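Student: Just one file: target.cif, with mmCIF, C-alpha atoms; chains and numbers go by the auth columns.
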```cif
data_query
loop_
_atom_site.group_PDB
_atom_site.id
_atom_site.type_symbol
_atom_site.label_atom_id
_atom_site.label_comp_id
_atom_site.label_asym_id
_atom_site.label_seq_id
_atom_site.Cartn_x
_atom_site.Cartn_y
_atom_site.Cartn_z
_atom_site.B_iso_or_equiv
_atom_site.auth_seq_id
_atom_site.auth_asym_id
ATOM 1 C CA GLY A 1 82.452 123.874 133.533 0.00 1 A
ATOM 2 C CA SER A 2 85.817 124.522 135.158 0.00 2 A
ATOM 3 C CA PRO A 3 88.165 127.557 134.877 0.00 3 A
ATOM 4 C CA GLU A 4 91.167 125.291 134.346 0.00 4 A
ATOM 5 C CA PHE A 5 93.647 126.342 131.675 0.00 5 A
ATOM 6 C CA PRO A 6 97.452 125.907 131.401 0.00 6 A
ATOM 7 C CA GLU A 7 98.339 129.130 129.609 0.00 7 A
ATOM 8 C CA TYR A 8 96.384 132.146 128.315 0.00 8 A
ATOM 9 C CA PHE A 9 95.421 133.281 131.836 0.00 9 A
ATOM 10 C CA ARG A 10 96.525 131.756 135.149 0.00 10 A
ATOM 11 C CA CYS A 11 99.860 130.010 135.525 0.00 11 A
ATOM 12 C CA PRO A 12 99.784 126.266 136.343 0.00 12 A
ATOM 13 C CA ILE A 13 102.733 127.009 138.597 0.00 13 A
ATOM 14 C CA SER A 14 100.754 128.091 141.664 0.00 14 A
ATOM 15 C CA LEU A 15 97.582 129.693 140.220 0.00 15 A
ATOM 16 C CA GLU A 16 99.270 133.062 140.639 0.00 16 A
ATOM 17 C CA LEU A 17 98.507 134.116 137.082 0.00 17 A
ATOM 18 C CA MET A 18 101.001 136.069 135.014 0.00 18 A
ATOM 19 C CA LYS A 19 101.350 139.763 134.288 0.00 19 A
ATOM 20 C CA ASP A 20 104.292 139.912 131.915 0.00 20 A
ATOM 21 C CA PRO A 21 104.333 136.420 130.370 0.00 21 A
ATOM 22 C CA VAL A 22 107.586 134.967 129.106 0.00 22 A
ATOM 23 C CA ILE A 23 107.871 132.352 126.403 0.00 23 A
ATOM 24 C CA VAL A 24 110.560 129.709 126.519 0.00 24 A
ATOM 25 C CA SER A 25 111.508 126.858 124.201 0.00 25 A
ATOM 26 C CA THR A 26 108.861 124.103 123.965 0.00 26 A
ATOM 27 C CA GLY A 27 106.471 127.018 123.552 0.00 27 A
ATOM 28 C CA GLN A 28 105.604 127.663 127.181 0.00 28 A
ATOM 29 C CA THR A 29 104.309 131.062 128.306 0.00 29 A
ATOM 30 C CA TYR A 30 104.221 131.524 132.089 0.00 30 A
ATOM 31 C CA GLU A 31 105.136 134.351 134.478 0.00 31 A
ATOM 32 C CA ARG A 32 108.861 134.979 134.812 0.00 32 A
ATOM 33 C CA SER A 33 108.700 134.980 138.620 0.00 33 A
ATOM 34 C CA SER A 34 107.293 131.460 138.498 0.00 34 A
ATOM 35 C CA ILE A 35 109.254 129.956 135.596 0.00 35 A
ATOM 36 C CA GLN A 36 112.597 131.762 135.785 0.00 36 A
ATOM 37 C CA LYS A 37 112.499 131.038 139.459 0.00 37 A
ATOM 38 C CA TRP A 38 113.291 127.411 138.693 0.00 38 A
ATOM 39 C CA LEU A 39 114.846 127.851 135.225 0.00 39 A
ATOM 40 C CA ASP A 40 117.512 130.085 136.766 0.00 40 A
ATOM 41 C CA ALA A 41 118.192 127.295 139.268 0.00 41 A
ATOM 42 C CA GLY A 42 119.763 125.401 136.371 0.00 42 A
ATOM 43 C CA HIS A 43 116.773 123.388 135.222 0.00 43 A
ATOM 44 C CA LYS A 44 115.294 123.535 131.737 0.00 44 A
ATOM 45 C CA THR A 45 112.135 121.432 131.681 0.00 45 A
ATOM 46 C CA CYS A 46 108.454 122.336 131.298 0.00 46 A
ATOM 47 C CA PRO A 47 106.210 122.016 134.418 0.00 47 A
ATOM 48 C CA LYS A 48 103.705 119.953 132.451 0.00 48 A
ATOM 49 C CA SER A 49 105.543 116.713 131.718 0.00 49 A
ATOM 50 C CA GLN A 50 109.109 117.965 132.175 0.00 50 A
ATOM 51 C CA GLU A 51 109.588 118.440 128.463 0.00 51 A
ATOM 52 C CA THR A 52 113.230 119.458 128.342 0.00 52 A
ATOM 53 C CA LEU A 53 113.393 122.982 126.944 0.00 53 A
ATOM 54 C CA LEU A 54 116.878 122.107 125.620 0.00 54 A
ATOM 55 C CA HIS A 55 117.894 125.700 124.924 0.00 55 A
ATOM 56 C CA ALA A 56 117.001 127.754 127.962 0.00 56 A
ATOM 57 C CA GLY A 57 116.322 131.190 126.570 0.00 57 A
ATOM 58 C CA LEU A 58 113.667 133.571 127.780 0.00 58 A
ATOM 59 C CA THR A 59 111.675 135.026 124.906 0.00 59 A
ATOM 60 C CA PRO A 60 109.135 137.665 126.092 0.00 60 A
ATOM 61 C CA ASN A 61 105.700 136.850 124.678 0.00 61 A
ATOM 62 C CA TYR A 62 103.532 139.970 124.628 0.00 62 A
ATOM 63 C CA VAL A 63 100.475 138.188 123.186 0.00 63 A
ATOM 64 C CA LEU A 64 99.350 136.982 126.571 0.00 64 A
ATOM 65 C CA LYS A 65 99.850 140.056 128.777 0.00 65 A
ATOM 66 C CA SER A 66 96.731 141.890 127.600 0.00 66 A
ATOM 67 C CA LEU A 67 94.842 138.616 128.116 0.00 67 A
ATOM 68 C CA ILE A 68 96.175 137.672 131.544 0.00 68 A
ATOM 69 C CA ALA A 69 95.983 141.308 132.643 0.00 69 A
ATOM 70 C CA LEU A 70 92.309 141.069 131.737 0.00 70 A
ATOM 71 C CA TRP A 71 91.696 138.029 133.915 0.00 71 A
ATOM 72 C CA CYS A 72 93.419 139.287 137.085 0.00 72 A
ATOM 73 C CA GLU A 73 91.209 142.337 136.596 0.00 73 A
ATOM 74 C CA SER A 74 88.148 140.101 136.820 0.00 74 A
ATOM 75 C CA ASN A 75 89.592 138.448 139.916 0.00 75 A
ATOM 76 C CA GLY A 76 92.551 139.796 141.884 0.00 76 A
ATOM 77 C CA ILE A 77 94.834 136.837 141.324 0.00 77 A
ATOM 78 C CA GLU A 78 98.505 136.550 142.271 0.00 78 A
#
```
Starting from the file, lay out its structure as structure tokens.
Tutor:
Amino acid sequence: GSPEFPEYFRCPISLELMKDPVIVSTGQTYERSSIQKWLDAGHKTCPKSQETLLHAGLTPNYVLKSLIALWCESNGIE
């Protein structure tokens, strides 16, 4: 029983959790402030195993916001 999950709720970036979650190639959905922080730096690899995103384009994924927004409501996480 551990609250460990890559997506859906908290970001694996720094356990900040996401509000507006952004999808990128490779199918990652993390918070823009965490992902685009390093993607903008010129890198395009996932934080999991460094799966090269190849095409670095930020596609806003609205599926997760209502979910993550639910979890940071349970615990004030950021």
Student: Within 12 Å of residue 63 of chain A, counting all atoms listed in the file, which residues show up once you throw out same-chain ones fewer than 6 positions away? Write them as a ChimeraX atom specification, please.
Tutor: /A:7-9,19-23,29-30,69
Student: Selected residues, C-alpha atoms, written as an mmCIF file, in the frame of the given file, please.
Tutor:
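What landed in part-v5.cif:
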```cif
data_model
loop_
_atom_site.group_PDB
_atom_site.id
_atom_site.type_symbol
_atom_site.label_atom_id
_atom_site.label_comp_id
_atom_site.auth_asym_id
_atom_site.auth_seq_id
_atom_site.Cartn_x
_atom_site.Cartn_y
_atom_site.Cartn_z
ATOM 1 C CA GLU A 7 98.339 129.130 129.609
ATOM 2 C CA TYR A 8 96.384 132.146 128.315
ATOM 3 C CA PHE A 9 95.421 133.281 131.836
ATOM 4 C CA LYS A 19 101.350 139.763 134.288
ATOM 5 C CA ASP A 20 104.292 139.912 131.915
ATOM 6 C CA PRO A 21 104.333 136.420 130.370
ATOM 7 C CA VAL A 22 107.586 134.967 129.106
ATOM 8 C CA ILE A 23 107.871 132.352 126.403
ATOM 9 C CA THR A 29 104.309 131.062 128.306
ATOM 10 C CA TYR A 30 104.221 131.524 132.089
ATOM 11 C CA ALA A 69 95.983 141.308 132.643
#
```
Student: Near segment 52-58 of chain A, within 7 Å and counting all atoms listed in the file, which residues show up once chain neighbours fewer than 6 positions away are dropped, as a list in words?
Tutor: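 Near segment 52-58 of chain A, the qualifying residues are residues 22, 23, 24, 25, 26, 44, 45 and 46 of chain A.
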Student: Please measure the separation of atom CA of residue 51 of chain A and atom CA of residue 36 of chain A, giving the value in Å to one decimal.
Tutor: 15.5 Å
Student: Just how far from atom CA of residue 67 of chain A is atom CA of residue 13 of chain A, in Å to one decimal?
Tutor: 17.5 Å
Student: List the spatial neighbours of residue 11 of chain A as JSON, numbers by chain - criterion: any atom at most 10 Å away, all atoms listed in the file, same-chain residues fewer than 5 positions off excluded.
Tutor: {"A": [4, 5, 6, 16, 17, 18, 19, 21, 29, 30, 31, 34, 35, 68, 78]}
Student: Which of these residues is nearest to residue 71 of chain A, using all atoms listed in the file: A:10, A:1, A:50, A:39?
Tutor: A:10
Student: Tell me, in Å to one decimal, how far atom CA of residue 49 of chain A is from atom CA of residue 70 of chain A.
Tutor: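 Interatomic distance here is 27.7 Å.
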Student: Given the choices A:15, A:28, A:3, A:47, which gets closest to residue 64 of chain A if the distance is worked out from only C-alpha atoms?
Tutor: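 Nearest to residue 64 of chain A: A:28.
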